Amino acid sequence: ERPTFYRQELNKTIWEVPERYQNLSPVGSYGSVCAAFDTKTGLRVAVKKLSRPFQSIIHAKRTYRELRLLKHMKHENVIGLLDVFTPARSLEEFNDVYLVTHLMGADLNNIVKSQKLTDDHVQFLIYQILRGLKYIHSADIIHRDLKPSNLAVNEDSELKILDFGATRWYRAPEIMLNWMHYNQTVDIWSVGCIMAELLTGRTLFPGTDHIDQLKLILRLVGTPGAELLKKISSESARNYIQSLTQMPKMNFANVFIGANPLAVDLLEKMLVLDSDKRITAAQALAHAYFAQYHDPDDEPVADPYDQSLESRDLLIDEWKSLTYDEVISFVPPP
Ligand SMILES: N[C@H](COCc1ccccc1)c1csc(NC(=O)Nc2ccc(F)c(Cl)c2)n1
Ligand SMILES: CCCCCCCCO[C@@H]1O[C@H](CO)[C@@H](O)[C@H](O)[C@H]1O
């Protein structure tokens, strides 16, 4: 039935968790996190107690979005939920939400440490990012903030996409410019930036501020062509682009000296200024770069995700009751 809970003071609050979660050890103070050992499954886990989840309409709305999103994500290369619990026995005593996931003690920076990786290692890591992206994108979700710190990787370089949200170095140029109709290929831009860095051992676009970032990008990809200029709604944006000194797109072979030509080719297809022209995640997985990994029969797709439900304007007690239903309805994975 209901598990037996135990109480323990941790992170300046009294945590109340199932007996199955042992040796809680704080690893951070959105919400505070402890590392634990799950005696039921035999896994090391991260247990997150949400901070102030139902303090305001906004916090309530965010708690619900976060829970619904994590419950929906069921893929090897994306973070998922091992468990969700509340010590509450009713809606009326319900106030705290805890989320449980695989403990991931390293991100892509922790494993890569500014060093060149081998080409075979890059194929495996990027393959996994694109396999997870195919799945996220198939749900009609855009990550919007893919970077090394949002990618968990175990010592065996098995990788999961996360969202915890220099922080600007992997952002698509349109995002830097506050465009308002992004497509999924904003994430593909980020993947190109990550991929370039893994190969070379160096940040591709290490901008010092917002405008320097755009400057570095344009130096590599070129100033916008006529086709792209035709798609610019903003009269000021237009005027500005028209007064630029046309630089040709650099040749990526003379930037990524030494690299597998297949890698250089993929990067050319990812880092195209015009978002409409960037390769998609599904296309990228079929690219010859990934021949040793690609398997069309095990690159699964998600059920559709309804984002209008979290975009409602509801009362706190309404979001709290809806979040409660989500807690109670959780079914752990096999
Ligand atoms: N700061 C916590 C500490 O980790 C502990 C923990 C424990 C249990 C459950 C979750 C996290 C954290 C890190 S990552 C995360 N949440 C998401 O990444 N959500 C999310 C949103 C949109 C997406 F598209 C995807 Cl792919 C993922 N929260
Ligand atoms: C200073 C020049 C910056 C380059 C302009 C960004 C081009 C990005 O590409 C643009 O993406 C938009 C956002 O989804 C789409 O609506 C457009 O169709 C697409 O061309």
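Both counts, for ligands and for their atoms, begin at 1 and track the order of listing. The first residue of the sequence shown is numbered 1, and numbering continues consecutively from there. We use all heavy atoms of the structure for the numbers below, so side chains are in, but hydrogens, waters and symmetry mates are not.
- The aromatic ring centres of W169 and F205 sit 6.0 Å or more apart.
- When non-hydrogen atoms are compared, ligand 1 lies under 4.0 Å from neither the backbone nor the side chain of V47.
- Atom numbering of ligand 2 starts at 1 in the shown order; those under 4.0 Å from a heavy atom of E174 are 8 (C).
- With respect to the salt-bridge test (charged N to carboxylate O, under 4.0 angstrom), the residues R144 and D163 do not qualify.
- The option with the heavy atom closest to atom 10 (C) of ligand 1, from among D187, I79, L67, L103, is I79.
- The shortest separation from a heavy atom of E66 to ligand 1 is under 4.0 Å, placing the residue in contact.
- Electrostatic pairing of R131 and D298 counts as a salt bridge here, judged by a charged N lying under 4.0 Å from a carboxylate O.
- Contact annotation: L177 has at least one heavy atom less than 4.0 Å from an atom of ligand 2.
- Remark: minimum distance from atom 8 (C) of ligand 2 to any protein heavy atom is reached at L273 O, 3.3 Å.
- The protein atom (non-hydrogen) at minimum distance from atom 9 (O) of ligand 2 is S275 N, 2.8 Å.
- Note: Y6 and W15 fail the aromatic proximity criterion, with ring centroids not under 6.0 Å apart.
- Checking each of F37, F5, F85 against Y21 for a ring-ring contact (aromatic ring centres under 6.0 Å, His included) leaves exactly one that passes, namely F85.
- Of the protein's non-hydrogen atoms, the one nearest atom 18 (O) of ligand 2 is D276 OD2, 2.3 Å.
- Looking at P224, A237, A172, it is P224 that brings a heavy atom closest to atom 2 (C) of ligand 2.
- The existence of a salt bridge linking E310 and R62 is excluded, since no basic side-chain nitrogen approaches an acidic carboxylate oxygen closer than 4.0 Å.
- In terms of protein heavy-atom proximity, atom 6 (C) of ligand 2 is nearest to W179 CZ3, 3.6 Å.
- At least one donor-acceptor pair under 3.5 Å links the side chain of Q128 to the backbone N or O of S157.
- The closest side-chain heavy-atom distance from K160 to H75 is not below 4.5 Å.
- Scanning the protein for heavy atoms near atom 20 (O) of ligand 2, the closest one is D274 OD1, 2.6 Å.
- Ligand-side atoms of ligand 1 in range of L69: 21 (C), 22 (C), range being under 4.0 angstrom from any heavy atom.
- Counting heavy atoms closer than 4.0 Å to ligand 1, residue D163 contributes atoms from both its backbone and its side chain.
- For ligand 1, the atoms sitting less than 4.0 Å from at least one non-hydrogen atom of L99 are 7 (C), 8 (C), 9 (C), numbered in the order shown with element in parentheses.
- Closest protein heavy atom to atom 14 (O) of ligand 2: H181 O, 2.6 Å.
- Here atom 3 (C) of ligand 1 lies nearest to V33 when heavy atoms of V27, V33, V84, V78 are compared.
- Ligand-side atoms of ligand 1 in range of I161: 26 (Cl), range being under 4.0 angstrom from any heavy atom.
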